[PDB]
Every structure is written in C-alpha cells, then in structure tokens.
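We begin with a single chain expressed as structure tokens, specifically the form deposited in one PDB entry.
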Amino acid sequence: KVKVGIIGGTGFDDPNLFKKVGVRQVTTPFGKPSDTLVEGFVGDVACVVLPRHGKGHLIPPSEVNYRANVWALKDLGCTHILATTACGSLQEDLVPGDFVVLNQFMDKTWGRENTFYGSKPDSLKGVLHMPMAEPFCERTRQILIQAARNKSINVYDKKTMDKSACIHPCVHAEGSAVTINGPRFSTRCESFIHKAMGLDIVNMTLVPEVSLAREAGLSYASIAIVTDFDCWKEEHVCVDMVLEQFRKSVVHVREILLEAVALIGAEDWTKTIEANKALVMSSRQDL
C-alpha cells in the first residue's frame, strides 16, 4: 500500500494535522532526525509528520539533517513525501498568500550532506549519479494541484491562463526555487540576479531534501508558501499583518495536505514505486 510522510517547514513546527495515534522517536544510519515523528491516519491512509526545524524551530536550514529525515521516513515505510516551505517571491505574479507547487530549482546550497552514497564510512557504499532534470514526482505534483481544486483554492497556470486571470490567493501550477544556504537573506544584488535568471521564489530548505527523497526511491512533492520578509522596508503592524496572512496560508496548506493524502491513497502506485527503485539501481556507477 501507500504511506505519506509530511515534512512541515515554518508554520508546521508543531503539527496537528490529524488526531495523532502516538509520537515516535527513530534513529537512522545518518543521525537523529530533526524531532520525533507524529504517527496517525488520514482516513485509511497511514501518515507520518516530521517538523523540519523541530519543535521550537531551533534548527537552521543549513544544519537540518536532511539525510536522517528522509531515511527515517523511508524506514517507516513511507512511499511519498509531501513537504512545505515558506518562501519569498521573485516575480510580480507571486504575492504573499500564494502557494507554488514547485517543479524546478537552482541549487545554491553548500556544506550540507546531500547524498546517501559515497566512499566515507558514514555513507552507504557506492557512487550514485541520480538524474534530476525534472526533480519532483510529477504524479504527486498534480495531486497537490488537484487537492487545491477540491478545496476551492484558485489554481493559476501561466502557460494556460492570462496574467489578468491570476486570482489571489492562488496555487501556481509550476515554479522554480533558488535555494540559498542561509541563514541570511539575499542582498538586493543577489535577488536581482536570481530574478534575471527567471527564478520564481527563494527559500533555504528544498535542497538536498528533494534530491535525497529521490535517492531513497520516494515520490516527493513540495508546496511552497509565499510570505513577506521585508517588513524592515509601522514594523509591529507589518509583522502582525504578515503573520496573520501566513496563518491563513497555513490553514489552506493543511487543507491541501489532508486532501492530497487521501488522493494518494485512492490510486495505485505499483509501477511508479517500482520505477522509483529501478531509477536508484540504474544510477549506480560503481556497479
């Protein structure tokens, strides 16, 4: 069957997505995950939730143990990983309150453990060169988009719909993230260059999470939450208004996530999961 793992970012440090059966602590060959995992069910579908930054949001993006988080979900039998990320916008049509079902990224991270395989003792033995041209699971991407439709949330498709038909708050059916290492935000010079490159949003947590999920043979899809990080540019009122907008976004994402879990459990994934595993084996360069 299927089992959906949920990596909750900012605004999901303490998830209460569903009535939890129990809390579980796990260990991995790559260290401890960010926190204990919340185990439960959405209908008849087993579901596990894991806060990326841990309760209290004490772990910065560059220090998150992405390998342990992904492998812990793997060892629990997860077949899919849905993830959230709070991001800043780089393009005019993506405004705070919108969401993005990402399909591309540009990686500007460094100093993070981004692979399970290598020649070091703390990694699995082998050399794995994974294809990443379309780095997400496309079937799971379209389930997030369909879940938004089922919850009456606007979906904007810039290939298909006019910019005048962009109704906020909307889910953008595609988008690219530039993942910076953090913890500082970008300079204006850096933001202008990323924008000139055509990137849609900026965040700090997508990579290596999406890469490691594919290495583990897991269907991974991310829903990004557009928020606002320039209240420095009436600060108490600005932060209060953005926090309220973000709270509304978290409500909608929780609705989308809960609907997406059910939509995953309603389909058969035998051939896709088999293809996920075979892609791992065929990417081994030592074999």
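Rigid core: the largest C-alpha set superposing within 1.5 Å between the two forms. Residues carry their position along the shown sequence, with the first being 1.
Counting the deposited residues that fall between residue 233 and residue 234 and carry no coordinates gives a value of 1 to 3. Two stretches are in play, 148-156 and 169-177, and the higher mean C-alpha B-factor belongs to 148-156. Higher mean CA B-factor, judged across 178-186 and 87-95 from the recorded values: 87-95.
In the PDB entry, the Cα temperature factor peaks, among 64, 224, 58, 241, at 241.
As recorded in the entry, 161 carries the highest CA temperature factor of 137, 197, 161, 202.
When all modelled residues of the chain are sorted by CA temperature factor, residue 69 is found within the lowest third. In the PDB entry, residue 52 places in the lowest third of its chain by CA B-factor. In the PDB entry, a CA B factor belonging to the highest third of its chain's modelled residues is recorded for residue 22. Remark: residue 124 belongs to the highest third of its chain, ranked by C-alpha B-factor as recorded. Among the modelled residues of its chain, residue 9 has a C-alpha B-factor that falls in the lowest third according to the deposited record.
Heads up, the form solved in complex with a small molecule isn't pictured, but that's what we're talking about next.
Each of 204, 227 and 230 is positioned with at least one heavy atom within 4.5 Å of the small molecule in the entry with it bound.
Heavy atoms within 4.5 Å of the small molecule in the entry with it bound belong, among the stretches 84-92, 117-125, 68-76, 163-171, to residues of 84-92. 180 is the sole member of 180, 145, 216, 137 with a non-hydrogen atom within 4.5 Å of the small molecule in the entry with it bound. Residue 242 belongs to the set of residues with a heavy atom inside 4.5 Å of the small molecule in the entry with it bound. Interface membership of residue 185, defined by any non-hydrogen atom within 4.5 Å of the small molecule in the entry with it bound, is confirmed.
Using a 4.5 angstroms limit between non-hydrogen atoms, residue 58 is distant from the small molecule in the entry with it bound. Residue contact with the small molecule in the entry with it bound: residue 237 places a heavy atom within 4.5 Å of it.
With the core held fixed by superposition, the comparison between this form and the one not shown singles out 242 as the only member of 262, 59, 26, 242 whose CA moves by at least 2 angstroms.
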